[PDB]
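Okay, so here's the structure we're looking at.
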Amino acid sequence: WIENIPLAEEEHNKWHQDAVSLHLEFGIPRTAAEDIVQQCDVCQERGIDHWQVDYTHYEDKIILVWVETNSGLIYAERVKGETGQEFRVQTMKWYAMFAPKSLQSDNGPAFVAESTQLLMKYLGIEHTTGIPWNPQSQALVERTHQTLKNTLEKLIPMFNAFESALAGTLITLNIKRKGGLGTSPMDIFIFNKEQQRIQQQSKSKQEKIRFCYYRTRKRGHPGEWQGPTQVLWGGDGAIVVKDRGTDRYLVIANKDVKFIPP
Amino acid sequence: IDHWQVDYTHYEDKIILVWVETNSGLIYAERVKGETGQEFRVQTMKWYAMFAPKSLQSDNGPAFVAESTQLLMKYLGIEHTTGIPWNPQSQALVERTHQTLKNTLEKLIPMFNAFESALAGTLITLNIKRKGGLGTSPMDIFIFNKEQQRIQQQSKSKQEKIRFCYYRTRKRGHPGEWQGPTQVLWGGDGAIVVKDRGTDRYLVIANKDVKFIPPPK
Amino acid sequence: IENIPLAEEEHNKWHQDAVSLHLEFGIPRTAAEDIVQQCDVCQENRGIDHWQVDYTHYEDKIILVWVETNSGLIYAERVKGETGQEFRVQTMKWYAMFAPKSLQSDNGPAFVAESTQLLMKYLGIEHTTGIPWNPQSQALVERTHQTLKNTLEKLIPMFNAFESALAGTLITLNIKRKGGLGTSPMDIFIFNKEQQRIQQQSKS
Amino acid sequence: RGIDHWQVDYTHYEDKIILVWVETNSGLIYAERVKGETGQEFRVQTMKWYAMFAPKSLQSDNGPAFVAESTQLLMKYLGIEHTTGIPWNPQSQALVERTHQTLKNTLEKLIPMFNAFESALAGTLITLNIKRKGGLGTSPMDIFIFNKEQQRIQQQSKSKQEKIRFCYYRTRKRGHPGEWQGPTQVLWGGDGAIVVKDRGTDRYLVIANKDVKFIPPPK
Amino acid sequence: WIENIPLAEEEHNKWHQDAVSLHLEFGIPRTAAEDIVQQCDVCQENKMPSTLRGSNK
Amino acid sequence: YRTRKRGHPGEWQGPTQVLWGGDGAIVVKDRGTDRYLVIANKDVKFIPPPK
Amino acid sequence: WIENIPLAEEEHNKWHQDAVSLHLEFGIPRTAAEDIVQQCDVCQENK
Amino acid sequence: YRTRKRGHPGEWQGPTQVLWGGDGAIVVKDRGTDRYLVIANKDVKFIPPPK
Amino acid sequence: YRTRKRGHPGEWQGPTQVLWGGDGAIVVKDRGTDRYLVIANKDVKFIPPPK
DNA sequence: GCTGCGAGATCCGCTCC
DNA sequence: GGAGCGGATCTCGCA
DNA sequence: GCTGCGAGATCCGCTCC
DNA sequence: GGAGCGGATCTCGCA
Ligand SMILES: [Ca+2]
Ligand SMILES: [Ca+2]
Ligand SMILES: [Zn+2]
Ligand SMILES: [Zn+2]
Ligand SMILES: [Zn+2]
Ligand SMILES: [Zn+2]
């Protein structure tokens, strides 16, 4: 946790990994990995709970597409109409069973409305609307629709309706399609939630800013007290701080820190 | 382990179907338009899409007893049993969940304006605000059970290694011949312990004079 | 033994791909291929050790790229020019470093020749030349090209030699990158190779 | 003779310079034709070698390119332990020297078959890595693949619960019993013997059950 | 047995393997593999000289 | 030694070196925090001497 | 003794003799002749 | 067999028949000079008879 | 111990004390340069300590 | 119609006092 | 259990 | 503050048919 | 008694 932060930072400086890879490798919190990645000047100059929504039709019926950037999870459900009210119904019914944090979409008649933004404001999940001019996004969106629509005709004859094939497509994609060590995309999502839940136990007691002094040990010589430095994250007797001089993250034991009243 | 149940409720001349879990307590709600079996079939397959059950128990229904329905449920491979449940625990859980959801939905009336939005919002509130045990949501305990069963099923991989190794000793200031092959007993940092056949004695040998070989046929 | 009928029934019910059946039932790869070929719906319309070969232009630099379909393992090298001799040397080195069983590529001058076809028959690897039909290989290789060029642009100024930057990009995209259950695109290939070895040893 | 231990050396073959890397444990080899022996070429070759598979230690002798300023910085950047043998002791890197013979002898056979020298090198790599199948019937590449597969740490991290026990033991010098030396954590418990890590000597020792006793478990 | 003998012979012609390798791969007898490897002109030409030594009077 | 929080005892925390034997309580040294603590006698399990 | 194996096999096809004669007249090892006559369906089925 | 001139061994020659097999060395018959030669065991390469 | 320069071994030097005994080689202390050196087992001559 | 050799160090396993 | 002791084992350099 | 190595031939002693 | 066969043993040449 606290101890391996500089190791992750220097590894990312060497190789320029991503936040998810750093989290899976060094075990650092996802927030810390995101902070490290975002602060990279080269990176400034793809993640969990990040989804994309696209519109498609088949046999003159309305269907919505929800593609997860990381877990490769696809979800769909029948939609009566493209109006704003029905669109909101589907969007928040999507949150009924999922807990995302980011979402991207294009411009549409039901995307923008006087009540659409205020409704998502209550949910609190950040959403960005823009034009996907990235060639990677263009080629990634194309394959998902073909993959989901190819499985439709493989099970039409003995299913009664199209909404019946709606669940069959999800069964074909999210249940049987497996990579790695026989891991399904839903397995990836469920496992991701496991390590995602851990950081709540730490951030629950960390929601109150504190200033503290730090002391640098050099060959067993305490030297002096230095600070003040903002406490980044807490640990079992270890505290990580930012050095103003060397611009590096340092780890100090709990026996060389005091409390400064606000 | 992975038991599910179905129950319908009537409110304001409308029918709401509820999926209930016994061991964990998952609750799901949906608005059933008509009593035709097509709606029940599509709801069941949507549930199979969004959930991975192993056992389902339910009462009798006008559309449940149909050859096509049994054929479809056997196509999905799930099991189902007929007859009214006689377990008081299941009845108590179902009644408590139904009364709680009814109370929550009737309390939440002024906040919404639409209907489908209202049902899905009630689903959100019931599935999120329900804190059981150490503040665990029903979906949270469900994913806990899934990850626990997955890790207990996959834990056998780390146990089936039984790798083989060679070893050699220093005699009269010079290295000896590569004795083996043999199966390692315990391997830690710096050295590993092995069983010798010449003297039937345990010997600890460092990593600087060993070789690692997969077990033979 | 019963795994073969179970896989046949499951493919009849759902029509999945061979790799998933092999991974989740442990059935032999030949049996999975036989089941796949025996499906008329699939025939009328992601293999292990299946590779794709392509060329890449990078502001006058010629790069030869080898992509494994099942595992995101990328092997990139620098080639002086599109020549049959250079391609044969590169493909023999590639077969020297890995243990492939099949290859897919487009119709090209150096790709299609009597000498290279004879050499690949000499090695003993199935070859398929033509326009791809599965809408997965094209997107996968496009993503590989995009990521490779992005990483090459990112890592070029740190090192001196261009081959050094290529090696660094291969390190980043093959070992350092991780996904799924904390697994690398290179550990997956080793696991698959070990599974193939143990299955071959058990069978014959 | 480490697991991720590699020995690197240069060799000459009819106005050709070949750089050879030899893995100690499995015996897998990797040879490449190099124009010269400059530091930059060696750095490129060694980082390509790291890219192909991840080692942990390297052994080499003194040389204009093996030891220098830039190469040591590169090895520290990669994180590879580097050891230098005694000068004027070519016997130190015995494994690579023997692989030199085993490579030249086999490469002599494949020269007429292929017009390109690199093709001959790839062919001899085939016949010495995959097609060897020596010993019990496992090629060196198979051994390397198995060792890499079993090296995964996630398997070891799967289980975090295990019974913990402590023990009392004493030394045995010339058959004379000593005195009990503190409580020690049991490393592994078998039949007829046990393993104890002595902190005073910082070494692993084996003690028979006749000189081993167990503290009562907490209650 | 007899059927795979040409396969082993051509494999050894292509790659110049060892007798033990051929025996472990194709299941041919060790004697057959020894006969195949000893009949290779290329292997005979590049083989190392025999090591037999005697003693003084 | 086991720690108590409002009457709820903890776990044995493994063996530890003793410091001094008082009347009704003893003093021990923690390894995680390097802090000296005091534990009541009823919450301490004695290790018998070698026989 | 490998070069004459196909010739011995075609001679066996022409004559259908027993393994001992083939071994004793061609120099083939006994095990190879036994396996050859085992592979012979006609020679195997009439035993 | 091969012949050594001024210490440096010569090119391999043959194949020929072992006229007399001895433990220390052997005697071979040369075609170029039609003379008998004795070759030590360190300069010989035993091969099966050709056909 | 003796030191090899350009392959040719030098004159024997000593006697000195074995600071660290190792199987492959040993470490000795030099008086002329006041520096530590590592000498392989093929360039050493073990003798009893003088008195 | 023939050829490798041993001196000088170092421990094990032994039995005897 | 201390004790010395006969013998198997090792490398290297004559040409 | 460290280091010799094995591939390629040849018989013995073995047991199995 | 014929039979093949696994393994101990030998030298020499990489630097
Ligand atoms: Ca002389
Ligand atoms: Ca060398
Ligand atoms: Zn960065
Ligand atoms: Zn199919
Ligand atoms: Zn050959
Ligand atoms: Zn016949």
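Quick note: the coordinates plus some simple rules give every number you see, no bench work behind them. Heads up, the Cβs are rebuilt from the backbone with ideal geometry, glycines too, and the neighbour counts pull from every protein chain shown.
For chain H, build the charge dipole from Cβ charges (+1 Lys, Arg; -1 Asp, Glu) around the Cα centre, then report which of H:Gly14, H:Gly24, H:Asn41 sits farthest towards its positive end. Working it through, the farthest residue towards the positive pole turns out to be H:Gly14.
Run through segment D:1-108 and list the GluC sites (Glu not before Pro) located in a DSSP loop whose Cβ has at most 12 other Cβ atoms within 10 Å. Mind showing how you got there, number by number?
Numbers: sites: D:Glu14, D:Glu23, D:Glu32, D:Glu37, D:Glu41, D:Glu69, D:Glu81, D:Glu97, D:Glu108; in loops: D:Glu14, D:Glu37.
Answer in residue order: D:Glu14.
Given a Förster distance of 56 Å, report the FRET efficiency between I:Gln13 and D:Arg174 from their Cβ-Cβ distance, rounded to the nearest 0.05. The pair I:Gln13/D:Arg174 has a calculated efficiency of 0.90.
Relative to one another, the C-alpha centroids of segment D:68-103 and segment I:1-46 are positioned 22 Å apart.
Computed over neighbours whose Cβ is under 14 Å from that of D:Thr24, the net charge equals 0, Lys and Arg +1, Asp and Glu -1. Straight-line reach from A:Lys218: taking Cα to Cα under 18 Å and skipping same-chain neighbours fewer than 8 places apart, the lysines in range are A:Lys242, A:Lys255.
Checking every one of the trypsin sites (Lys or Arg not before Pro) in segment B:1-97 against DSSP loop status and a limit of 15 other Cβ atoms within 10 Å picks out B:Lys33, B:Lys54. Farthest towards the positive end of the charge dipole of the protein assembly as shown, among the residues A:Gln230, E:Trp15, D:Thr102, is the Cα of A:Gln230, using unit charges on the Cβ of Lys, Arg, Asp and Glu.
For A:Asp54 and B:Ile78, FRET efficiency with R0 = 51 Å and r from the beta-carbon atoms, rounded to 0.05?
Details: r = 32 Å, r/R0 = 0.63.
Here the calculated transfer efficiency is 0.95.
Quick one: dipole size for segment D:1-160, taken about the Cα centre, charges +1 on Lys/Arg Cβ and -1 on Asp/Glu Cβ, in debye to the nearest 20. List each step's numbers first, then the result.
Numbers: 18 positive and 16 negative charges, 145 e Å.
My answer is approximately 700 debye.
Taking the Cα centre of chain I as reference, the dipole from Cβ charges on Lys and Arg (+1) and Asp and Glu (-1) amounts to some 140 debye. Residue ranges A:154-160, D:45-51, B:79-85, F:10-16 sort as D:45-51, A:154-160, F:10-16, B:79-85 when ordered by packing (mean number of other C-beta atoms within 10 Å per residue, highest first). In this model, which of C:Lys176/D:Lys56; A:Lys149/C:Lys13; B:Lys161/B:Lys217; D:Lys158/D:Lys197; C:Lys80/D:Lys35; C:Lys176/D:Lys76 are farther than 19 Å apart at the alpha-carbon? Result: D:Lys158/D:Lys197 exceed 19 Å. Measuring how big segment C:52-204 is from its alpha-carbon positions, Rg and Dmax come out at 16.3, 51 Å.
Between I:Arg2 and I:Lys29, the simple label model (points 7 Å from Cα in the Cβ direction) yields a spacing of 2.5 nm. The angle separating the long axis of helix B:88-107 from the principal Cα axis of greatest extent in chain B is about 60 degrees. Charge dipole of chain B (Cα centre as origin; +1 on each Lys and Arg Cβ, -1 on each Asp and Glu Cβ, all else neutral): 1900 debye, rounded to the nearest 20. D by Stokes-Einstein for the protein assembly as shown, Kirkwood Rh over Cα pairs, 10 °C, 1.306 mPa s: 43 µm²/s. Inter-part distance, segment A:43-101 to segment E:1-40, computed on C-alpha centroids, equals 61 Å. In terms of other Cβ atoms within 10 Å, B:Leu203, G:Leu7 run from fewest to most in the order G:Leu7, B:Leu203. Cut-off 12 Å, label point 7 angstrom out along Cα-to-Cβ of A:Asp256: give me the residues of segment A:206-222 whose amide nitrogen falls inside. Residues A:214-222 fall inside that zone. Helix content alone sets the calculated 222 nm mean residue ellipticity of chain B: runs of n ≥ 4 DSSP H residues at -39500 (n - 2.57) each, divided across all residues, give -11500 deg cm²/dmol. Counting neighbouring Cβ atoms within 10 Å and putting the fewest first, the residues I:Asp43, B:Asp140 line up as I:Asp43, B:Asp140. Cβ-to-Cβ counts within 10 Å put A:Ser105, D:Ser92 in ascending order as A:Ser105, D:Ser92, the fewest first.
I'd like the FRET efficiency for D:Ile164 and D:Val67, computed as 1/(1 + (r/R0)^6) with the beta carbon distance as r and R0 of 51 Å, rounded to 0.05. Don't skip to the answer; put the middle values down first.
On the way: r = 46 Å, r/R0 = 0.91.
With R0 = 51 Å, the Cβ-Cβ based efficiency is 0.65.
Taking +1 at the Cβ of each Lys and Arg and -1 at the Cβ of each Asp and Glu, which of A:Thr216, A:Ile171, A:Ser184 sits farthest along the dipole of segment A:149-262 towards its positive end, judged by Cα position relative to the Cα centre? Highest projection toward the positive end goes to A:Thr216.
How many partner chain Cβ atoms sit within 10 Å of a residue's Cβ in peptide B:147-154, on average, as a whole number? It would help to have the intermediate numbers written out before the result.
Numbers: counts 5, 1, 0, 5, 4, 1, 0, 5.
Mean inter-chain Cβ contacts per residue within 10 Å come to 3.
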